[PDB]
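Structure data follow from upload-v5.cif (mmCIF, C-alpha atoms and all ligand atoms):
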data_query
loop_
_atom_site.label_atom_id
_atom_site.label_comp_id
_atom_site.auth_asym_id
_atom_site.auth_seq_id
_atom_site.Cartn_x
_atom_site.Cartn_y
_atom_site.Cartn_z
CA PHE N 18 82.44 94.23 97.56
CA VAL N 19 82.64 90.42 97.57
CA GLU N 20 80.71 90.18 94.30
CA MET N 21 83.60 91.92 92.48
CA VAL N 22 86.60 90.06 93.87
CA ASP N 23 88.28 87.88 91.22
CA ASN N 24 86.31 89.47 88.36
CA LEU N 25 89.40 89.82 86.13
CA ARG N 26 91.05 87.17 83.99
CA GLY N 27 93.73 87.13 81.33
CA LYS N 28 96.75 85.41 79.83
CA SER N 29 100.29 86.55 80.60
CA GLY N 30 101.04 89.58 78.41
CA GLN N 31 97.56 89.58 76.78
CA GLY N 32 96.00 92.05 79.32
CA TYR N 33 93.32 91.72 81.99
CA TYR N 34 89.65 91.58 81.01
CA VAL N 35 86.26 91.82 82.75
CA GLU N 36 82.95 90.36 81.62
CA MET N 37 80.44 92.93 80.39
CA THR N 38 77.07 92.90 78.66
CA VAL N 39 75.92 95.21 75.89
CA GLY N 40 72.44 95.60 74.36
CA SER N 41 68.94 94.32 75.02
CA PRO N 42 68.78 91.39 75.39
CA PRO N 43 72.26 91.45 76.94
CA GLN N 44 75.18 90.26 74.82
CA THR N 45 78.11 88.97 76.88
CA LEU N 46 81.65 90.03 75.90
CA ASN N 47 85.08 89.95 77.55
CA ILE N 48 86.57 93.41 77.68
CA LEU N 49 90.14 94.56 78.36
CA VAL N 50 90.48 96.91 81.33
CA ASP N 51 92.66 99.82 80.19
CA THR N 52 93.46 102.84 82.32
CA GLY N 53 95.65 104.18 79.43
CA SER N 54 92.81 105.00 76.98
CA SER N 55 89.25 106.41 77.14
CA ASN N 56 87.12 104.63 74.50
CA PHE N 57 84.75 101.73 75.01
CA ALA N 58 85.20 99.80 71.77
CA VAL N 59 84.03 96.29 70.87
CA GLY N 60 84.42 93.97 67.89
CA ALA N 61 81.20 94.18 65.81
CA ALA N 62 82.18 91.94 62.86
CA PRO N 63 83.31 88.30 62.47
CA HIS N 64 87.08 88.77 62.62
CA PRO N 65 88.59 85.29 62.69
CA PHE N 66 90.48 86.02 65.99
CA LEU N 67 87.22 86.72 67.85
CA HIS N 68 85.17 84.35 69.97
CA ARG N 69 82.17 86.62 69.60
CA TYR N 70 81.20 90.16 68.66
CA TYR N 71 78.55 92.82 69.20
CA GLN N 72 75.55 92.29 66.91
CA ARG N 73 73.73 95.65 66.85
CA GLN N 74 70.86 94.19 64.81
CA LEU N 75 69.81 92.12 67.85
CA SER N 76 69.62 95.02 70.32
CA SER N 77 66.37 96.96 70.75
CA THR N 78 68.17 99.64 72.80
CA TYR N 79 70.92 100.37 70.25
CA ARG N 80 71.09 103.96 68.98
CA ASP N 81 73.25 104.92 66.02
CA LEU N 82 75.20 108.21 66.32
CA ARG N 83 75.88 108.26 62.56
CA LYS N 84 79.56 109.05 63.10
CA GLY N 85 82.76 107.13 62.41
CA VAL N 86 85.91 106.95 64.50
CA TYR N 87 89.43 106.12 63.34
CA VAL N 88 92.07 105.21 65.95
CA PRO N 89 95.59 104.63 64.63
CA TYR N 90 98.42 103.45 66.84
CA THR N 91 102.20 103.24 66.39
CA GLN N 92 101.66 99.72 65.06
CA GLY N 93 98.06 99.09 63.82
CA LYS N 94 94.63 100.71 63.99
CA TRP N 95 91.01 100.23 64.78
CA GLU N 96 88.14 101.94 63.08
CA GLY N 97 84.45 101.86 63.81
CA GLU N 98 80.99 103.24 64.04
CA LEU N 99 79.73 105.20 67.05
CA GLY N 100 76.50 104.41 68.87
CA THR N 101 75.05 104.10 72.35
CA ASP N 102 73.48 101.11 74.09
CA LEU N 103 72.76 99.75 77.56
CA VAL N 104 75.81 98.32 79.29
CA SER N 105 76.29 96.36 82.50
CA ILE N 106 79.08 94.56 84.35
CA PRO N 107 77.75 91.21 85.74
CA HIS N 108 80.39 91.02 88.48
CA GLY N 109 80.25 94.73 89.11
CA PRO N 110 77.66 97.10 90.53
CA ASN N 111 73.97 96.20 90.08
CA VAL N 112 73.32 98.97 87.57
CA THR N 113 72.81 99.42 83.84
CA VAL N 114 73.90 102.53 82.00
CA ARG N 115 73.59 104.00 78.52
CA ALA N 116 77.15 104.31 77.28
CA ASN N 117 78.96 105.27 74.09
CA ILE N 118 80.17 102.19 72.20
CA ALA N 119 82.52 102.18 69.21
CA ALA N 120 81.52 99.21 67.08
CA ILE N 121 84.81 98.10 65.54
CA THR N 122 84.36 97.30 61.86
CA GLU N 123 87.99 97.25 60.62
CA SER N 124 91.28 96.74 62.45
CA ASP N 125 94.94 95.90 62.20
CA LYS N 126 97.21 94.49 64.95
CA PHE N 127 94.53 95.20 67.56
CA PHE N 128 92.86 91.86 68.24
CA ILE N 129 95.22 89.11 69.41
CA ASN N 130 95.18 85.66 67.85
CA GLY N 131 94.41 83.17 70.63
CA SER N 132 93.13 85.74 73.14
CA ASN N 133 89.79 85.55 74.96
CA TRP N 134 88.70 89.22 74.79
CA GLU N 135 86.66 91.06 72.16
CA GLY N 136 86.83 94.72 73.16
CA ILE N 137 88.43 97.37 75.35
CA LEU N 138 87.23 99.54 78.23
CA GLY N 139 89.12 102.83 78.35
CA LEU N 140 88.95 104.07 81.95
CA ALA N 141 90.94 107.29 81.51
CA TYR N 142 89.47 110.76 80.92
CA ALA N 143 87.60 112.43 78.03
CA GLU N 144 90.62 114.53 76.97
CA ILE N 145 92.16 111.48 75.24
CA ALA N 146 88.89 109.98 73.90
CA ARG N 147 88.53 109.61 70.14
CA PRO N 148 87.36 111.32 68.05
CA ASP N 149 87.46 114.08 70.66
CA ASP N 150 86.57 114.98 74.28
CA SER N 151 82.85 115.24 73.48
CA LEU N 152 82.60 111.42 73.49
CA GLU N 153 81.85 110.78 77.15
CA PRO N 154 83.87 107.79 78.47
CA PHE N 155 82.14 104.81 80.09
CA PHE N 156 83.10 105.59 83.68
CA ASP N 157 81.91 109.17 83.34
CA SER N 158 78.54 107.85 82.12
CA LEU N 159 78.41 105.33 84.98
CA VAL N 160 78.96 108.00 87.64
CA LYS N 161 76.56 110.51 86.03
CA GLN N 162 73.67 108.06 85.63
CA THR N 163 73.94 106.07 88.89
CA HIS N 164 74.96 106.51 92.55
CA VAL N 165 78.17 104.53 92.06
CA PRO N 166 80.97 106.50 93.75
CA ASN N 167 83.54 108.17 91.47
CA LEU N 168 86.40 105.72 92.13
CA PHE N 169 87.59 102.29 91.17
CA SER N 170 90.49 100.15 92.28
CA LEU N 171 92.56 97.45 90.62
CA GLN N 172 94.32 94.41 92.08
CA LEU N 173 96.24 92.78 89.22
CA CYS N 174 97.69 89.43 90.27
CA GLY N 175 100.53 88.24 87.99
CA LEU N 186 100.17 80.82 78.38
CA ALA N 187 99.61 80.90 82.15
CA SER N 188 96.25 82.29 83.31
CA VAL N 189 96.28 85.54 85.31
CA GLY N 190 93.61 86.94 87.58
CA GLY N 191 92.65 90.02 89.54
CA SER N 192 89.92 92.31 90.83
CA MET N 193 88.33 95.51 89.63
CA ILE N 194 86.35 97.06 92.46
CA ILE N 195 83.99 99.57 90.88
CA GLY N 196 82.83 102.33 93.23
CA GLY N 197 85.02 101.46 96.17
CA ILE N 198 87.90 99.86 97.97
CA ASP N 199 88.11 96.31 99.37
CA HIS N 200 90.45 96.47 102.34
CA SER N 201 91.09 92.71 102.22
CA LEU N 202 93.04 93.15 98.95
CA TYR N 203 95.99 95.01 100.54
CA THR N 204 98.18 95.15 103.62
CA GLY N 205 99.45 98.25 105.42
CA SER N 206 98.18 101.72 104.53
CA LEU N 207 97.31 103.29 101.22
CA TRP N 208 99.58 106.19 100.21
CA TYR N 209 98.25 108.74 97.70
CA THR N 210 99.92 110.68 94.88
CA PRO N 211 98.05 113.48 93.07
CA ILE N 212 96.58 113.04 89.58
CA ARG N 213 98.51 115.90 88.04
CA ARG N 214 96.03 116.44 85.23
CA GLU N 215 92.91 114.50 84.18
CA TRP N 216 93.70 112.99 80.78
CA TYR N 217 95.81 109.93 81.31
CA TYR N 218 96.21 109.00 84.99
CA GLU N 219 99.25 111.25 85.14
CA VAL N 220 101.50 111.24 88.22
CA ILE N 221 104.89 112.70 89.14
CA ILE N 222 107.93 110.57 90.03
CA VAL N 223 110.36 112.53 92.21
CA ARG N 224 113.21 110.07 92.88
CA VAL N 225 114.33 106.68 91.54
CA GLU N 226 116.54 104.16 93.37
CA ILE N 227 118.02 100.82 92.32
CA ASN N 228 118.72 98.80 95.47
CA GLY N 229 118.56 102.02 97.52
CA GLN N 230 121.01 103.86 95.22
CA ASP N 231 119.69 107.10 93.76
CA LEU N 232 120.03 107.46 89.95
CA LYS N 233 120.70 111.17 90.67
CA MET N 234 119.10 112.46 87.48
CA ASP N 235 117.25 115.74 87.23
CA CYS N 236 113.77 114.56 88.26
CA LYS N 237 112.26 116.23 85.15
CA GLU N 238 113.86 113.39 83.18
CA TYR N 239 111.70 110.85 85.06
CA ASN N 240 108.53 112.52 83.81
CA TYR N 241 109.61 113.52 80.28
CA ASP N 242 107.07 114.13 78.84
CA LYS N 243 104.61 112.44 81.27
CA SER N 244 104.38 109.56 83.74
CA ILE N 245 101.18 107.50 83.81
CA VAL N 246 99.57 104.52 85.54
CA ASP N 247 98.43 102.09 82.80
CA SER N 248 96.74 98.70 83.23
CA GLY N 249 96.88 98.36 79.43
CA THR N 250 100.71 98.14 79.33
CA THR N 251 102.68 95.08 80.37
CA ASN N 252 106.10 96.69 80.96
CA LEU N 253 107.55 99.41 83.08
CA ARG N 254 108.37 101.85 80.27
CA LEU N 255 110.95 104.57 81.04
CA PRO N 256 112.12 107.64 79.07
CA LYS N 257 115.22 106.70 77.03
CA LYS N 258 117.71 108.64 79.17
CA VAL N 259 116.27 107.19 82.35
CA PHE N 260 116.19 103.66 80.92
CA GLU N 261 119.87 103.71 79.98
CA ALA N 262 120.80 105.06 83.45
CA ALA N 263 118.50 102.47 85.06
CA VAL N 264 119.85 99.54 83.01
CA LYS N 265 123.44 100.64 83.65
CA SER N 266 122.69 100.45 87.37
CA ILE N 267 120.75 97.19 87.22
CA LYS N 268 123.52 95.66 85.08
CA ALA N 269 126.06 96.63 87.76
CA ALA N 270 123.94 95.41 90.67
CA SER N 271 123.52 91.90 89.17
CA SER N 272 127.07 91.53 87.77
CA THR N 273 127.93 88.37 89.80
CA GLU N 274 126.22 86.62 86.89
CA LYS N 275 126.67 87.92 83.34
CA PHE N 276 123.95 88.04 80.68
CA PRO N 277 124.12 88.93 76.98
CA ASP N 278 123.62 92.63 76.16
CA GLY N 279 120.49 91.68 74.20
CA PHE N 280 118.65 90.43 77.30
CA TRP N 281 118.57 93.94 78.87
CA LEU N 282 117.07 95.19 75.60
CA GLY N 283 114.37 92.45 75.59
CA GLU N 284 115.93 90.59 72.63
CA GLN N 285 116.19 87.26 74.39
CA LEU N 286 115.34 85.21 77.43
CA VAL N 287 117.49 83.99 80.30
CA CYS N 288 116.95 80.53 81.73
CA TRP N 289 117.74 78.56 84.88
CA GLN N 290 116.86 75.10 86.12
CA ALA N 291 113.37 74.75 87.62
CA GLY N 292 113.14 76.50 91.00
CA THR N 293 116.70 77.90 90.99
CA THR N 294 116.17 81.43 89.61
CA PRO N 295 118.71 83.63 91.41
CA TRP N 296 116.21 86.21 92.69
CA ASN N 297 118.62 87.58 95.27
CA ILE N 298 121.23 88.77 92.74
CA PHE N 299 118.68 91.12 91.14
CA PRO N 300 118.04 94.51 92.77
CA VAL N 301 114.79 96.14 93.87
CA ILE N 302 113.47 99.20 92.05
CA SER N 303 111.95 102.11 94.00
CA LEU N 304 109.95 104.98 92.62
CA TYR N 305 109.29 107.87 94.95
CA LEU N 306 106.02 109.55 94.10
CA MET N 307 104.82 113.05 94.92
CA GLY N 308 102.83 112.94 98.13
CA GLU N 309 99.69 114.71 99.30
CA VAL N 310 101.55 117.33 101.35
CA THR N 311 104.15 119.94 100.39
CA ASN N 312 107.69 118.52 100.52
CA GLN N 313 106.33 115.02 101.37
CA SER N 314 106.82 111.89 99.25
CA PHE N 315 106.41 108.14 99.54
CA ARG N 316 108.06 105.25 97.75
CA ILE N 317 106.83 102.12 96.08
CA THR N 318 109.29 99.26 95.63
CA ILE N 319 109.09 96.27 93.25
CA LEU N 320 111.10 93.06 92.96
CA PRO N 321 112.65 91.16 90.05
CA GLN N 322 109.58 88.87 90.41
CA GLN N 323 107.72 91.85 88.92
CA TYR N 324 110.17 92.98 86.21
CA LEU N 325 111.44 89.53 85.13
CA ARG N 326 108.38 88.05 83.40
CA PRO N 327 107.96 84.33 82.53
CA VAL N 328 107.65 83.51 78.81
CA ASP N 337 112.22 78.54 84.15
CA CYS N 338 112.89 81.24 81.56
CA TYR N 339 112.16 84.95 81.84
CA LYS N 340 112.05 88.17 79.84
CA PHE N 341 113.29 91.59 81.03
CA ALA N 342 110.14 93.73 81.28
CA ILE N 343 111.64 97.21 81.64
CA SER N 344 111.94 99.09 78.35
CA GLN N 345 112.70 102.47 76.84
CA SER N 346 109.94 104.89 75.79
CA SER N 347 109.47 108.13 73.88
CA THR N 348 106.07 108.76 75.48
CA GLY N 349 107.26 108.91 79.12
CA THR N 350 107.22 106.62 82.10
CA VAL N 351 104.41 104.06 81.87
CA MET N 352 103.71 102.21 85.09
CA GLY N 353 102.23 99.08 83.55
CA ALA N 354 101.58 95.63 84.97
CA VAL N 355 105.22 95.35 86.11
CA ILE N 356 104.38 98.12 88.64
CA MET N 357 100.69 97.36 89.19
CA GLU N 358 101.11 93.65 90.00
CA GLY N 359 102.96 94.73 93.17
CA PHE N 360 100.17 96.87 94.52
CA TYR N 361 96.53 97.49 95.11
CA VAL N 362 95.92 100.67 93.12
CA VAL N 363 93.06 103.06 93.91
CA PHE N 364 91.98 105.43 91.14
CA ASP N 365 90.37 108.04 93.39
CA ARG N 366 88.85 110.23 90.71
CA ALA N 367 86.67 112.07 93.26
CA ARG N 368 89.79 113.40 95.02
CA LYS N 369 92.07 113.54 91.96
CA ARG N 370 94.58 111.11 93.50
CA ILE N 371 95.94 107.58 93.06
CA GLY N 372 96.50 105.33 96.06
CA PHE N 373 99.08 102.55 96.33
CA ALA N 374 99.22 99.79 98.96
CA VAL N 375 101.07 96.47 99.16
CA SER N 376 98.96 93.94 97.28
CA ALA N 377 97.78 90.89 99.23
CA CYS N 378 98.36 88.81 96.03
CA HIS N 379 101.80 90.03 94.82
CA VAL N 380 104.54 87.54 93.91
CA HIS N 381 107.57 87.56 96.22
CA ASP N 382 109.99 85.33 98.14
CA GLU N 383 111.08 84.68 101.75
CA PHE N 384 113.69 87.49 101.69
CA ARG N 385 111.99 90.47 100.01
CA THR N 386 108.48 91.80 99.38
CA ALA N 387 107.06 94.74 97.46
CA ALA N 388 106.63 97.77 99.71
CA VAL N 389 104.92 101.14 100.07
CA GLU N 390 106.62 103.38 102.62
CA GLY N 391 106.52 106.97 103.83
CA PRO N 392 106.68 109.76 104.61
CA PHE N 393 109.94 110.99 103.09
CA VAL N 394 111.20 114.55 102.80
CA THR N 395 111.60 115.57 99.16
CA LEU N 396 112.08 119.18 98.09
CA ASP N 397 111.32 120.88 94.76
CA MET N 398 108.83 118.19 93.70
CA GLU N 399 106.80 120.66 91.58
CA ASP N 400 109.91 121.11 89.40
CA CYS N 401 109.77 117.40 88.46
CA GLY N 402 106.71 117.87 86.21
CA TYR N 403 107.16 118.48 82.46
CA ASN N 404 105.62 121.55 80.80
CA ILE N 405 105.59 122.49 77.10
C1 LIG Q 501 94.20 101.82 69.16
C2 LIG Q 501 95.06 100.60 68.95
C3 LIG Q 501 95.12 100.02 67.67
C4 LIG Q 501 95.92 98.92 67.44
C5 LIG Q 501 96.67 98.37 68.47
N1 LIG Q 501 96.60 98.95 69.68
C6 LIG Q 501 95.84 100.02 69.96
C7 LIG Q 501 95.90 100.42 71.32
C8 LIG Q 501 94.74 100.30 72.09
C9 LIG Q 501 94.79 100.60 73.46
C10 LIG Q 501 95.98 100.99 74.07
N2 LIG Q 501 96.01 101.28 75.39
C11 LIG Q 501 97.14 101.65 76.01
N3 LIG Q 501 97.14 101.90 77.32
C12 LIG Q 501 98.34 101.78 75.30
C13 LIG Q 501 99.63 102.26 75.96
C14 LIG Q 501 99.42 103.75 76.35
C15 LIG Q 501 100.67 104.36 77.02
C16 LIG Q 501 98.95 104.62 75.16
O1 LIG Q 501 99.69 104.87 74.22
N4 LIG Q 501 97.70 105.06 75.22
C17 LIG Q 501 97.02 105.81 74.15
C18 LIG Q 501 95.98 104.82 73.58
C19 LIG Q 501 95.12 105.34 72.42
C20 LIG Q 501 94.46 106.66 72.80
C21 LIG Q 501 94.02 104.31 72.08
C22 LIG Q 501 96.00 105.53 71.19
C23 LIG Q 501 98.34 101.49 73.95
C24 LIG Q 501 97.14 101.10 73.31
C25 LIG Q 501 97.10 100.78 71.94
#
Could you write out this structure as structure tokens?
Ligand SMILES: Cc1cccnc1-c1ccc2nc(N)c(C[C@@H](C)C(=O)NCCC(C)(C)C)cc2c1
Amino acid sequence: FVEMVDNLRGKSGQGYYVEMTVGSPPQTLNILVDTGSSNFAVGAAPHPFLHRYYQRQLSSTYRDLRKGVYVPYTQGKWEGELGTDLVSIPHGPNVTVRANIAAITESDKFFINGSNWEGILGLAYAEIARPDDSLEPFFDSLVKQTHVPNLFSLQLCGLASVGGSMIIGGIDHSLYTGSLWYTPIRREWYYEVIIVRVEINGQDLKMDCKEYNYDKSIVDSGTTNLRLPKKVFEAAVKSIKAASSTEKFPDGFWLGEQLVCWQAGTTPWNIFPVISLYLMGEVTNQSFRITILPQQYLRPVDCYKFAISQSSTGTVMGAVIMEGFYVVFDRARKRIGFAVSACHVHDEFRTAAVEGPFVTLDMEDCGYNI
């Protein structure tokens, strides 16, 4: 899938985007790739932050659905007008599909001042689409209307410019080393998975595994951090604090309130521990583990920011996790594959890893239910 390698760009902390076209004639836009939402939404008005925007008056293939959509968030909103139009991905498969598009006509704290993207591509499932699950997401339209296989994969390589690959309809085996290991998609809404054990430098946190997935755990290209449920975060920080105690840092650093700096090329990587998440495997009583380095969770802003944070919406495996691995969203088989990424950032002593099989009992008890 050589045509698709290196089709993602971004700025550190501003997300990864892919080039798309909308309308006839085609209008080029940069679009955030977001596996934690399910709407395709593009700027359609001259917001001063935007390089460009969708001009529906210029598209002969635009169809109005005569319906509004309002999407609030914890901080901010976007609102817009629903339609369909022809959509393509220049460095993607050689197809064009009629997709739902939310034309964003009012927003708050959505667009980023200085960013180079103008819309968002929600790759998750219809259940979490707005206004409701009747609004077919882009990828569902792509699969229904073409012969593109029902899978995509992401290699996110971690303002400094970032890059990566979104392989639509397949897997590029050059982007990873070792084998892929698969964890089930527990339910098709977010890309929900189940974490069954957590270790800091090989030391088990020893929490009830239900805590790790309270109230869900998800794989999310739209989130920068590794977000953890509050109880798990405090246990995790307590352990990471202890593991790196040969140097002391202000309390505020662990809470993301401040940076920590060293002289150029003398960051003490080795004093910081690795973080392992064991995921539910394909077989009964079988798990595997993925392991990340401080190079993943200490993010440059040589000064760095702590990129693990507490959450009330569950564990969110964002870029901190994803930049370690090639991640396969195998929708056809309701599973997510992880392999060591050929592009991940590491040092001479440690590398990110994916290892198995391990024996883990009572994994079904780790999932949260109402
Ligand atoms: C909708 C919105 C308005 C203003 C600012 N941000 C957003 C927004 C857009 C896409 C997002 N995509 C994400 N993956 C996330 C994190 C994720 C765990 C999450 O909360 N997903 C639900 C996203 C939503 C369905 C658009 C509300 C947050 C998002 C927030």
For this session: Select the residues contacting ligand LIG 501 (chain Q) at a distance of at most 8 Å, based on all atoms listed in the file, then format the selection as an MDAnalysis selection string.
Result: chainID N and resid 51:56 88:95 124:128 137 139 145:147 245 247:250 348 351
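Distance annotation: of N:328, N:378, N:49, N:223, the residue with the minimal separation from residue 397 in chain N is N:223; atom set is all atoms listed in the file.
Residues in contact with residue 358 in chain N at up to 7 Å, not including ones fewer than 3 positions away on its chain and judged by only C-alpha atoms, are residues 173, 174, 175, 323, 354, 355 and 379 of chain N.
Candidate residues N:360, N:276, N:281, N:66 were compared for distance to residue 191 in chain N, and the nearest is N:360, using all atoms listed in the file.
Remark: for residue 222 in chain N, the closest of the candidate residues N:386, N:395, N:322, N:346 is N:395 (distances computed over only C-alpha atoms).
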For this session: Can you pull out every residue within 7 Å of residue 85 in chain N, counting all atoms listed in the file, but drop anything in the same chain fewer than 4 positions away, and send it as a list in words?
Result: residues 97, 98 and 99 of chain N
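Of note, CA of residue 141 in chain N and CA of residue 153 in chain N are spaced 10.7 Å apart.
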Which polymer residues have any atom within 10 Å of an atom of residue 239 in chain N, counting all atoms listed in the file, with same-chain residues fewer than 2 positions away left out, as an mmCIF file with C-alpha atoms, keeping the file's coordinate frame?
data_model
loop_
_atom_site.group_PDB
_atom_site.id
_atom_site.type_symbol
_atom_site.label_atom_id
_atom_site.label_comp_id
_atom_site.auth_asym_id
_atom_site.auth_seq_id
_atom_site.Cartn_x
_atom_site.Cartn_y
_atom_site.Cartn_z
ATOM 1 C CA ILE N 221 104.890 112.700 89.140
ATOM 2 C CA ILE N 222 107.930 110.570 90.030
ATOM 3 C CA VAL N 223 110.360 112.530 92.210
ATOM 4 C CA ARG N 224 113.210 110.070 92.880
ATOM 5 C CA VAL N 225 114.330 106.680 91.540
ATOM 6 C CA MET N 234 119.100 112.460 87.480
ATOM 7 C CA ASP N 235 117.250 115.740 87.230
ATOM 8 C CA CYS N 236 113.770 114.560 88.260
ATOM 9 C CA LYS N 237 112.260 116.230 85.150
ATOM 10 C CA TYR N 241 109.610 113.520 80.280
ATOM 11 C CA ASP N 242 107.070 114.130 78.840
ATOM 12 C CA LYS N 243 104.610 112.440 81.270
ATOM 13 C CA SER N 244 104.380 109.560 83.740
ATOM 14 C CA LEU N 255 110.950 104.570 81.040
ATOM 15 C CA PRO N 256 112.120 107.640 79.070
ATOM 16 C CA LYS N 257 115.220 106.700 77.030
ATOM 17 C CA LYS N 258 117.710 108.640 79.170
ATOM 18 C CA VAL N 259 116.270 107.190 82.350
ATOM 19 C CA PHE N 260 116.190 103.660 80.920
ATOM 20 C CA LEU N 304 109.950 104.980 92.620
ATOM 21 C CA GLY N 349 107.260 108.910 79.120
ATOM 22 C CA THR N 350 107.220 106.620 82.100
ATOM 23 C CA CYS N 401 109.770 117.400 88.460
ATOM 24 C CA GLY N 402 106.710 117.870 86.210
ATOM 25 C CA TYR N 403 107.160 118.480 82.460
#
Exercise. Can you list, as a list in words, every protein, DNA or RNA residue that comes within 12 Å of residue 78 in chain N when you count all atoms listed in the file, leaving out same-chain residues fewer than 6 positions away?
Worked result: residues 39, 40, 41, 42, 43, 44, 72, 100, 101, 102, 103, 104, 113, 114, 115 and 116 of chain N
Problem set entry | Which of N:60, N:21, N:324, N:310 sits closest to residue 208 in chain N [using all atoms listed in the file] | N:310
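Of note, CA of residue 32 in chain N and CA of residue 63 in chain N are spaced 21.4 Å apart.
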For this session: Compare N:327, N:321, N:308, N:30 by their minimum atom-to-atom distance to residue 285 in chain N, counting all atoms listed in the file, and give me the closest one.
Result: N:327
Problem set entry | Neighbour residues at most 12 Å from (99.2, 112.6, 100.5) (all atoms listed in the file) as a PyMOL selection string | chain N and resi 206-212+306-316+368-373+391-393
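The shortest atom-to-atom distance to residue 167 in chain N, with all atoms listed in the file taken into account, belongs to N:364 out of N:61, N:404, N:376, N:364.
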